[PDB]
Amino acid sequence: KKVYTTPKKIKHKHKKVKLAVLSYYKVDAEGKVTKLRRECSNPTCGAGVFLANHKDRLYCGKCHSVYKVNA
Amino acid sequence: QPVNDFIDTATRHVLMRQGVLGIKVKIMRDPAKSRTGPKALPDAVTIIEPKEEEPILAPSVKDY
RNA sequence: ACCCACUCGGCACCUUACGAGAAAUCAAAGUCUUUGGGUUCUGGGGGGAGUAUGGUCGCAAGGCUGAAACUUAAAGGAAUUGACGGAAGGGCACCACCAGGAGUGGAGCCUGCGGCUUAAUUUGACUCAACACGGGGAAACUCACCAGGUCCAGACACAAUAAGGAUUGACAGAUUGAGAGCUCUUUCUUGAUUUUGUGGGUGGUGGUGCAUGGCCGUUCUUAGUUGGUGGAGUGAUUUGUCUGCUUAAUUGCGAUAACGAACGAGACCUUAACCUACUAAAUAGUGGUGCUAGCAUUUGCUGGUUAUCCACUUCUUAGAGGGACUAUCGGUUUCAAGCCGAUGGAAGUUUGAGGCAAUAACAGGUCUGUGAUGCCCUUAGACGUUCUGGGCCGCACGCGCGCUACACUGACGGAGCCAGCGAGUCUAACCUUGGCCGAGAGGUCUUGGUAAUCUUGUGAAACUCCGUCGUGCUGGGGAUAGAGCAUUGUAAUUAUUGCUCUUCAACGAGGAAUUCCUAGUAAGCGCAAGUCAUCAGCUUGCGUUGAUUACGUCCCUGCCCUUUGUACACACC
Ligand SMILES: [Zn+2]
């Protein structure tokens, strides 16, 4: 045939990171629980899922992409 | 046309460890039995065998 | 000298075969396992090799006598069937001539092939039997190519990761051709569906048609294949299956150690031809009557009225039948098969044209039709797949199929006006009459038709008729090209197609060569169908107009058939 070329630099993938995440759930000196990071209000995800915090950003994750409430 | 009327063709592809091979089967059914359709080849021309006569004999007549 | 009969001894042939042989053959090559007349000579698988060595002969060249080592499963004889010949005798054929026709070959463009060019210009096929072929008329798709971007649709097993999360997704931004969360920024999400690894799978228009199936093409516009009883031969085998004649035919007649058959040809099937004979029909049509228009008027002539009734089946349609069997007569030939001519007949060239079609062969073509397939290669930076854009159309040039033409049997413009094969819309927009609008192309408003019912009588074109032009590259011819309008489509630029104005090329009948064709055929003419969103200068069919010249032959060619040779048989590659 011919076989092989490339200007090199092979595309990686997606690491998806690790994290021991959902630490955000602050409970004080026994045993009161006030959550951290405000949650979404779309009836598909009944206020269990929360919102990411970037700049200008309160983003809904479970809503795979959708709905952009902001404050 | 007897082809259509009588013989039966079939092709079958049997495939084995070494390659494949084809089976071509032909069956000519007895035109005699036939049941429905022509009972004989267009070729066929049977002549019916007559009869030895005992002719001669002077006329005469018979009444009923 | 000749004739005739006979007899010795000769050079030979003929027919036979009791007999011999492996056979071809042989009056010896017979009288030979039923093995003995006398005698001289030679041979003991092939090659090594008539070589080496010695002896002898000769001027010489060389003659006679004459080993072994080693190697080798065969070499060889006669015959049989096949295959082949750059060997002989016959045939057949418009993919062969003749006698002619219409051409191609020259021109413009259309189109395939090569060549070149190219990021790529995907590829199979190269004499008949490759090159308007792959149904191959590519804007995307198709698509196999090139520049680039995603996705896994990697079943399954073991193992490893890990419920503190194995894994999925993504808003905006950066980025990308791209409103791809491909990637990264940031950080919500999801829950054991995935990930990594091994084995094992799979997809692939990747390779191999020189591994295969099937299919197709070719030999073949051919006439060949076989078996029963019998004859010949130890046999493989041969005769049947043949000199001639005769057919399109191993089609027949005839000759005859052959007789009577079977596949194939023929039969058969399909279509065009005939049917005032049968069955019929508002999805076909006719005659009459109603109803009604026009012109005549004297009755008439020419139309209208998807049912106003009644009748019919010539035309139309398709069911069952009939009909031709080269008939009747007569020429001609082995007075056989047949062939020729007249007559009759819807039709007498296998009635015209097709469908099928035995045995055998080719390394013909097809892994680019198949979820037909062996093997090999590839399988995640993919040769899988999908998305964007380009390309198969690229142009000094060679070749093949074509299309349009060089005009006056013509172009133009009026006007006359006639076919047959088709096809058309359900989970959809196909065939489209009709009414308006526009020079046109086309737009628009409705309509019939899933169809003998509607498009549609498909009012097609050559063609017919009356003009205009008047032989001048002319008003023949329409290439190239500029400008504007429309249609198909997500998209038309390298210009899909259609329209209008202008531009007005080559080509003044075409070298050597070469294709096709014998009657409603040739050629001229346009349709319909395939392909198809749009595109025919292509093809498959179809009807329209309708000639000339044979009715012969073996000269060119191509192929069959015997005879003959053969050391071929993997068969002259
Ligand atoms: Zn939400």
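Chains as they are written, first to last, in the UniProt record's numbering: chain A, 82 to 152; chain B, 162 to 225.
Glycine included, each C-beta is placed from N, C-alpha and C at the ideal position.
Remark: the shortest separation between the CB of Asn134(A) and any heavy atom of ligand 1 does not fall under 7 Å.
Ranked by Cα distance from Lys116(A), the options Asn151(A), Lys149(A), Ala152(A), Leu103(A) are led by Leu103(A). Boundaries of the alpha helix (DSSP H) around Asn165(B): 163-166. Judged by their CB atoms, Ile168(B) and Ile184(B) are not nearer to each other than the 8 Å cut-off.
When secondary structure is reduced to three states using DSSP, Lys185(B) falls in the strand class. With fewer than 16 other Cβ atoms from the protein chains shown falling within 10 Å of its own Cβ, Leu202(B) counts as exposed. A check of alpha carbon separations from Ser122(A) across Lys83(A), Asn151(A), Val84(A) identifies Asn151(A) as the nearest. Of the candidates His145(A), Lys149(A), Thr87(A), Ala128(A), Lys149(A) places its Cα closest to the Cα of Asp137(A). Between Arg173(B) and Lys200(B), the alpha-carbon positions lie close to 30 Å from each other. With respect to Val130(A), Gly142(A) sits close: the two C-beta atoms are nearer than 8 Å. By the criterion of a C-beta distance shorter than 7 Å, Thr125(A) is surrounded in its chain by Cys144, once the five residues flanking it on both sides are discounted. Cβ contact annotation for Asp166(B) (same chain, cutoff 7 Å, sequence separation greater than five): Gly198, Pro199, in chain order.
In the DSSP secondary-structure assignment, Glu120(A) is bridged to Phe131(A).
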